[PDB]
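A.B. asks: Quick one: the structure is below, questions incoming.
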Number of protein chains: 2
Amino acid sequence: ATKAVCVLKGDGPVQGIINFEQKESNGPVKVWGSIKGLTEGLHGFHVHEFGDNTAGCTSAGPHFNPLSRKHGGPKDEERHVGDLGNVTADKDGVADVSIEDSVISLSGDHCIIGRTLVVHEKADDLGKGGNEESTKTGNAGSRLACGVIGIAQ
Amino acid sequence: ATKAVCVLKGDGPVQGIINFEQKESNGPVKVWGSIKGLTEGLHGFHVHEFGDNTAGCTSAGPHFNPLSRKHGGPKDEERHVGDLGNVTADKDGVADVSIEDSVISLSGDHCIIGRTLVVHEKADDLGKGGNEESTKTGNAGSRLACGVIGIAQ
Ligand SMILES: [Cu+]
Ligand SMILES: [Cu+]
Ligand SMILES: [Zn+2]
Ligand SMILES: [Zn+2]
């Protein structure tokens, strides 16, 4: 099994730790942890291409997209590899994250280790907003917190 | 080429940005950047095993050592893969980092992507110190700043 971890931080109050675990290389990645400091409701949640935080979350570049597809939700055949949809924060501003995804991986061409996990200002519209930006970012707005995804013990 | 980057941060004044570039997968890796906030003199500089910052730099674990060797300087045959020796801070507390290394790699099954880069309190004794700790850490002391090594554009 392979494990990964990401510490999410940004300019504002959003802070979290997200864990990744993959039992087999041909199998799903479990993604779980807790993010606090969020507004209540939905927040876009993606893996971005670059593990570069030199200019904060901006330098992470676009969604991780090695198959050159349009943005979607995690359930869509047409999605970026990095498209994990939304997380939901409760009234106290905490998102208890629990996702399973078969398109991200912790090895190979879909490997997300060394890339950046980002949590966003607004809901990800999952490619259904009827504008060009919906097909790129899901209209998820600004990057509230991010972190480079590292190999974990 | 393959490129990586690391933002070094800690609990004190030490901070910097370190770049990695590898023109050929079977070629050397160039490592360069700057670190500020350091005491004048030598400071140990290594890749540690885990890209885990959940408990600060402590959770990075030991030096990255997939070949199970003793601690060395970068020129030694007997070294950890992560052993990049010392950087030197000037009278203003600034270390201009400029390293070329043929043991670390940005690709392949022992790559340093997703691991942690650490700059230390004290000089690395290059495993020549004559105590057990010399053979593990070079007696480089505490971890002043660290960051996960990420994929760069
Ligand atoms: Cu995103
Ligand atoms: Cu170290
Ligand atoms: Zn996307
Ligand atoms: Zn070492």
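Laboratory data are not the source of any read-out in this text; all were calculated from the coordinates shown. Backbone-built Cβ (ideal geometry, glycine too); neighbour counts: all protein chains shown.
A.B. asks: For the protein assembly as shown, compute Rh as the Kirkwood radius over C-alpha pairs and then the Stokes-Einstein diffusion coefficient at 10 °C and 1.306 mPa s; write the answer in µm²/s, rounded to an integer.
C.D. replies: 81
A.B. asks: Which of A:3/A:136; A:23/B:128; B:91/B:128 have a Cα-Cα distance over 31 Å?
C.D. replies: Table pairs above 31 Å Cα-Cα are A:23/B:128.
A.B. asks: Now a separate question. Excluding residue B:115 itself, what net charge comes from residues whose Cβ is under 12 Å from its Cβ, given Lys and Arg +1 and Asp and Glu -1?
C.D. replies: Once positives and negatives cancel, what remains is -2.
A.B. asks: Oh, and also: Please flag any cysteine in chain A that has no other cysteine's Cβ under 4.7 angstrom from its own Cβ.
C.D. replies: Taking the Cβ cut-off of 4.7 Å, the unpaired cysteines of chain A are A:6, A:111.
A.B. asks: Still on this model: Sorting A:115, A:79 on the 10 Å Cβ count, fewest up front, what's the list?
C.D. replies: Fewest-to-most ranking of A:115, A:79: A:79, A:115.
A.B. asks: What ³J(HN,Hα) values, in whole Hz, does the Karplus curve 6.51 cos²θ - 1.76 cosθ + 1.60 give for the range B:106-119 when θ = phi - 60°, with x put for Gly and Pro?
C.D. replies: 9, 8, x, 6, 10, 4, 9, 5, x, 9, 10, 8, 10, 10
A.B. asks: Using only alpha carbon pairs under 8 Å that are at least six residues apart, calculate the relative contact order of chain B and give it in whole percent.
C.D. replies: Computed over chain B, the figure is 31 percent.
A.B. asks: Run the reach check for residue A:122 against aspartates and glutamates, Cα to Cα strictly under 14 Å, same-chain hits fewer than 8 apart removed. What comes back?
C.D. replies: Counting by Cα, and skipping residues close in sequence, residue A:122 has these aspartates and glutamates nearby: A:40, A:133.
A.B. asks: Could you put A:121, A:24 in order, starting from the residue whose Cβ has the fewest other Cβ atoms within 10 Å?
C.D. replies: The fewest-first ordering by Cβ neighbours comes to A:24, A:121.
A.B. asks: First measure r as the distance between the Cβ atoms of residue B:96 and residue B:55, then evaluate 1/(1 + (r/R0)^6) with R0 = 30 Å and state the FRET efficiency to the nearest 0.05.
C.D. replies: Efficiency, rounded to the nearest 0.05: 0.50.
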